[PDB]
Amino acid sequence: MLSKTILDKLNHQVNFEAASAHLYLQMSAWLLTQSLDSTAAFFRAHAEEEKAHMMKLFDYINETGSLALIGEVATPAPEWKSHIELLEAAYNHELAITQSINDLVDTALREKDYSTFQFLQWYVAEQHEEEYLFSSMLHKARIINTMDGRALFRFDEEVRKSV
Amino acid sequence: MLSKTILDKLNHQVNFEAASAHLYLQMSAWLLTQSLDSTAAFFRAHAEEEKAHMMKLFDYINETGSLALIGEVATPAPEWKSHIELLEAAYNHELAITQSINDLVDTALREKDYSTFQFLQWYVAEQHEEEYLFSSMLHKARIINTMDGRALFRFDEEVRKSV
Amino acid sequence: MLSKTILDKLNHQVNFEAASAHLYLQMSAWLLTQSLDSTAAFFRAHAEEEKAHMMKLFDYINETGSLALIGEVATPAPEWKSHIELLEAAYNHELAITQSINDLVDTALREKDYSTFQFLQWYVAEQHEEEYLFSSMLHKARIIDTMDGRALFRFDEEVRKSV
Amino acid sequence: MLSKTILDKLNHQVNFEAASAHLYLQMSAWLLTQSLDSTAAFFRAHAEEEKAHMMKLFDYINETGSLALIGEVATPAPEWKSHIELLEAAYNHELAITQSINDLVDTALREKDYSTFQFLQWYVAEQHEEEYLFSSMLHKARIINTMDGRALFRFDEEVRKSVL
Amino acid sequence: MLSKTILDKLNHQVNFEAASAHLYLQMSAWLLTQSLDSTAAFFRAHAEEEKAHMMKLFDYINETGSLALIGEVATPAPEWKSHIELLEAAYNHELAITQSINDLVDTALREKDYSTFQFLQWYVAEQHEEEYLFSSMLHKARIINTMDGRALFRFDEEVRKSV
Amino acid sequence: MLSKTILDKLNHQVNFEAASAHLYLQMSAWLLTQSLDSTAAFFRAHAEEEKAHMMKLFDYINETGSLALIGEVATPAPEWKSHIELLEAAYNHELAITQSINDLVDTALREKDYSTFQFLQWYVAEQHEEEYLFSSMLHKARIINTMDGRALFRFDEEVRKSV
Amino acid sequence: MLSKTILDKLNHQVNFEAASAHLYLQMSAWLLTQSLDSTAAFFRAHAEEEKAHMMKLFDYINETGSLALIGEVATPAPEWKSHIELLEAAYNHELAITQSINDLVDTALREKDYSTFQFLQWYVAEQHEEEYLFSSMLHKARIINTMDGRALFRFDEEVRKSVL
Ligand SMILES: [Fe+3]
Ligand SMILES: [Fe+3]
Ligand SMILES: [Fe+3]
Ligand SMILES: [Fe+3]
Ligand SMILES: [Fe+3]
Ligand SMILES: [Fe+3]
Ligand SMILES: [Fe+3]
Ligand SMILES: [Fe+3]
Ligand SMILES: [Fe+3]
Ligand SMILES: [Fe+3]
Ligand SMILES: [Fe+3]
Ligand SMILES: [Fe+3]
Ligand SMILES: [Fe+3]
Ligand SMILES: [Fe+3]
């Protein structure tokens, strides 16, 4: 049976993952106005990943006998001036999610709620994959924004085809 | 291409469908605290249906060249005192969705936006199925809440097995 | 070839079977307003059986070289005050159909129309199955209307599952 | 949920489709007395189509929470003096059904019952296929009733075998 | 070659198993007049099992070179005032069959007819299964005859569905 | 629905078919003592046919809403001095069954119980097959009991093999 | 390799899981005397799960080079006055198993026996599933023990058949 401090943080995380899904949907919509159709598709698909993260928390909470709460989710209209600004926002958002998961893990360990600690390892692992994915996409966007960079990528693509 | 009045209403509907998904998730969670597991599963699954309704609007808006907006979605904590009160809320919520769709259809017809009019016919048909589903579930819940009612259903179940 | 007296009775039976189909359709519609969905489905399906009874008579008449006549079919609006009253009506109606078939069989025998006599044996057999079906459904409805009865059926269902 | 005016018209249509099924059964029976066996089979099969039209209305009404009503269906005995007179009756009947559907669509639009309006679009489409089917069958009957017409159809049949 | 005392008892058992089949048929018929269709089907199917018990004794006797005798089988008309009274009769009847088999086994052992002793082990085993089946059905009928009992079974059924 | 006179006769027939099964079982057992193993197998199998005749009547009676009654079945010990005497008894027994079915058919026709009349046509047809079977077996037995007869059959068997 | 304090606790847990299996067998036997056949079958099957929990600990201990010990397992005769009292005992028993596993995890962490810590994560996860299972079964039993409760479940079952 979940302590109140852990419950509140798990419910905060449910709400955070829900907000991520909506954020990525909104990014997708903006990207389509820039004709960045593949990046839009990526964010659309990834919104569906964030919905799965949400549901898995939601279920764990309910299975423990507490009541999961969705809360308020507010998605700001698209401010972004360029695709790089959007990718920076996405990456920082994923860093903040990782922070939140780490806090949650730390507090489960501190309260000796080992059940929540082991449940959260899935998220710790997933956030490693998320940071890798989003940092890497940002890094490429910055490179591809330069002519020297576009030449590097042309070589890399030649290697992908030739060998 | 989309007029501002229609765009604002379509985006309102996007947000309304998003709120429905979250509302039904929240109902599902509450139902699990009552040990109403099958009803909880129904609402969980239906939250996924509302998400599909949302995405289909979202796409139509983006395909027309406008920018779909998710907005703010606020889900109140579970007030419900019984499963009947929750079913009443779900049914009324579906009526309100139908109202909103009808207002949208009416306004498309009035502006001679025939493209949005025909796109919405899917929703007009879907809301007929939704009202049937939720009214019927509420009616049964009220009947099953009385002893006379539980006797009717016992006969109906005998007919389902016997013939 | 068919005598006028036998033709007029066969055409009466065509019309009677048509009226039965419409009756059972109407009963189905009423049962849906009571939320007796399985009973409604039974009466809907059975309306299709009555249509088959009709068509088989209709074809026999036409094959003999006479002209089958549908006539007027009038279905009274739903009077029924309970599902038991409806089942009583259905059972009495099936008794009347059997009476009508028996009169028809008797008159074919009396006129030595052995062809019509043998054609009707299918109906004599079918009406035995109909009476069994409808009497049995009525009997169960009367039993299930009592608390003692619902306890008997709970045991019978335990036997269906256990052995 | 359904307004009374729409409910009454949908129930009228239920009854009208039921009367069509019976009408076409009766036509089938008459056609058999003329040894027009294929035309009889067509009308028999089409009576089954009219039943499906009926049931679909019936179900929509019941799904909305109202009570569908079958009503009285009266089928006059076969008056018809020729197959052409019968085909004219069938075609006019189908024109009347279309009228009745159009009235129903128009009244749903006027009351802003968009749910009934969209449900009826199936019927609007179906009645276009019905008018095409019956008008075309009538037209061919009139042509075939003339010697010049039979010659046209003999050529058309030669094309069906030789090329198409 | 069978002793006269063993032969007479084996033939008595043949007749007893025959009487059981007829008894269970008669019970089946009565149960149908109470609309206990599943219990009726059980007794009908079980009459077939008793016939198989009869035939297996019948064959053993004939294979040893003696002449199996069916004898007189008298089945009283249905006295039963309730399904529980009928189940009590069925259980007691099975207890009497077991007694009769045990007497038969005991006599074979006493006369050192080891062939008949080993043949009868099948029946000893089968009667354990019969007593389990019939005692269990009686017990459940008594429980289900009460409101507290019907609540226990409702929980048990929930466990059958949930886990 | 069944008249008392028809019910009593149907229940008589139930009992008669039951007695036939037991009679043929008893004949089978006697035949085995004469080493007539194939004839014994025929009677054993045919006892199963008589059980089916019984069950079909039993079911019809119950389906009409009356209570089928098995009654007393008494099987005399085997008197038979030869296989021919047994075959004569079997044939005469089948003649008596046919008589009993005919009386039953005649009574149904007289009371205008057309439902029982048509149900019985199956038995009228089956008894034609039964009389053919048993008369033919008796006739062959009488022929084979003579040396002239065994010579005829030796020729017939030659024709079965040669052509 | 295993410290004596960890070894003694792992062997205690081996013995605890063995006792659980026997407890659930004994509950199964009692439930059969009440004609609660499905609940009996559940406890019987679950005794087999507890045996698997036992064997997995037993194997880990042996793989580390220490000697696993079964010990004494004593199963009291069935005291239970109702199925609810039995389900309460089962649930509390599972809570006590969780407590032991948590103590074991906690002491592995203190001693920096990370190997035993990671091995035990399986049990931490499993005991979450166990508590869910048993608490939920208890909660339903309490609800079904009331007439209002049986009415709720009748509705829930209608939803299982009609929609889900
Ligand atoms: Fe996430
Ligand atoms: Fe993420
Ligand atoms: Fe929706
Ligand atoms: Fe909806
Ligand atoms: Fe009929
Ligand atoms: Fe009928
Ligand atoms: Fe039509
Ligand atoms: Fe039409
Ligand atoms: Fe036996
Ligand atoms: Fe037995
Ligand atoms: Fe027979
Ligand atoms: Fe026979
Ligand atoms: Fe365990
Ligand atoms: Fe456990």
Side-chain angles (χ1 to χ4, degrees), chain A residues 1-2 6 56 60 63-64 104-106 108-126 128, chain G residues 1-28 42-75 89-135:
Chain A
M1 195 74 164
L2 286 176
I6 298 287
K56 168 168 172 109
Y60 171 76
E63 286 168 11
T64 67
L104 207 11
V105 166
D106 188 53
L109 223 259
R110 205 187 321 113
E111 297 193 10
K112 305 182 197 300
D113 183 359
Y114 290 119
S115 165
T116 299
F117 177 84
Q118 99 76 221
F119 167 80
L120 289 165
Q121 301 301 292
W122 189 89
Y123 288 81
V124 169
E126 193 72 10
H128 165 79
Chain G
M1 193 71 158
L2 284 176
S3 84
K4 192 223 198 317
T5 41
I6 298 287
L7 211 212
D8 287 349
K9 284 180 209 258
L10 288 169
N11 274 335
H12 178 260
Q13 197 66 33
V14 167
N15 177 89
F16 207 179
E17 301 289 336
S20 307
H22 281 198
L23 180 61
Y24 295 156
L25 252 16
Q26 191 60 89
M27 288 177 172
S28 185
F42 165 72
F43 277 90
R44 185 199 189 89
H46 210 78
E48 201 64 45
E49 282 287 318
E50 298 297 347
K51 231 99 198 155
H53 298 171
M54 177 191 78
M55 293 309 290
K56 167 168 172 110
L57 255 344
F58 177 95
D59 291 343
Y60 172 76
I61 291 157
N62 295 331
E63 286 168 12
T64 67
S66 299
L67 171 72
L69 296 171
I70 311 291
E72 301 182 24
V73 180
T75 308
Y91 177 55
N92 291 323
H93 183 85
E94 286 289 340
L95 288 171
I97 286 164
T98 303
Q99 217 48 238
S100 68
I101 291 295
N102 283 164
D103 170 71
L104 210 9
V105 166
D106 189 52
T107 127
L109 223 259
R110 143 171 322 112
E111 297 194 12
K112 305 182 197 300
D113 184 359
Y114 291 118
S115 166
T116 296
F117 179 86
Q118 98 76 220
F119 166 81
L120 290 166
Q121 301 301 292
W122 189 89
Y123 287 82
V124 169
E126 193 71 10
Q127 285 296 130
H128 165 82
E129 295 300 314
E130 295 276 272
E131 283 178 31
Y132 170 46
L133 178 59
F134 284 91
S135 74

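Letters go in sequence order (proteins before strands), and every chain restarts at 1. No hydrogens, no waters, no symmetry mates; every other heavy atom, side chains included, goes into these values.
Counting heavy atoms from C-beta outward, G:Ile97 and G:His93 have side chains that approach closer than 4.5 Å. The side-chain heavy atoms of G:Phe58 and G:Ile70, taken from C-beta on, include a pair separated by under 4.5 Å. Residues G:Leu133 and G:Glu94 are not in side-chain contact: their nearest non-hydrogen atoms beyond the backbone lie 4.5 Å or more apart. Counting only heavy atoms from C-beta outward, the side chains of G:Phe119 and G:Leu57 approach each other to under 4.5 Å. Between G:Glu126 and G:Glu49, some side-chain heavy-atom pair lies under the 4.5 Å cut-off. At a threshold of 4.5 Å between non-hydrogen side-chain atoms, the residues G:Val105 and G:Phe117 count as touching.
Separation of atoms CG (G:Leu67) and CG (G:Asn11) is listed at 7.5 Å; rounding is to 0.5 Å. Here G:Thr64 contributes atom OG1 and G:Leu10 contributes atom CG; the two are 8.0 Å apart, rounded to the nearest 0.5 Å. Distance check: G:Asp106 CG to A:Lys112 NZ gives 4.0 Å after rounding to the nearest 0.5 Å. Atom CG of G:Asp59 is separated from atom NZ of G:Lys56 by 9.0 Å, given to the nearest 0.5 angstrom. Rounding to the nearest 0.5 Å places OH of G:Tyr123 at 14.0 Å from CD of A:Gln118. Distance check, rounded to the nearest 0.5 Å: CE of G:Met54 to OG of G:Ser20 gives 10.5 Å.
Nearest heavy-atom pair, G:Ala18 versus G:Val73, reported as atom, atom and distance to 0.1 Å: CB-CG2, 4.0 Å. Annotation for G:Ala68 and G:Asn62: closest pair N-OD1, 3.0 Å, computed over non-hydrogen atoms. Between G:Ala90 and G:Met27, the shortest heavy-atom contact is N-CE, 3.9 Å. The shortest heavy-atom contact between A:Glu63 and G:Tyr132 is O-CD1, 3.4 Å.
A donor-acceptor pair is defined here as one N or O able to donate and one able to accept, closer than 3.5 Å; such a pair exists between the side chain of G:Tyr60 and the backbone of G:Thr116. G:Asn15 places no side-chain N or O within 3.5 Å of a backbone atom of G:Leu69 that could act as its donor or acceptor partner.
Centroid-to-centroid, the aromatic rings of G:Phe42 and G:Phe134 come within less than 6.0 Å.
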For residues 1-9 of chain G, run the donor-acceptor check on the side chains, cut-off 3.5 Å, and write out each pair with its distance to 0.1 Å, sequence neighbours left out.
unit_1 : atom_1 : unit_2   : atom_2 : d
G:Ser3 : OG     : G:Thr5   : OG1    : 3.2
G:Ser3 : OG     : G:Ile6   : N      : 3.2
G:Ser3 : OG     : G:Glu111 : OE1    : 2.8
G:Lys4 : NZ     : G:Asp8   : OD2    : 2.9
G:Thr5 : OG1    : G:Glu111 : OE2    : 2.5
G:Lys9 : NZ     : G:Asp103 : OD2    : 2.9

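Side-chain atoms of G:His53 and G:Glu50 include a donor-acceptor pair closer than 3.5 Å. A donor-acceptor pair shorter than 3.5 Å cannot be found between the side chains of G:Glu131 and G:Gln127.
More than 12 heavy atoms of other residues, nucleotides or ligands shown are found within 6.0 angstrom of CD on A:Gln121.
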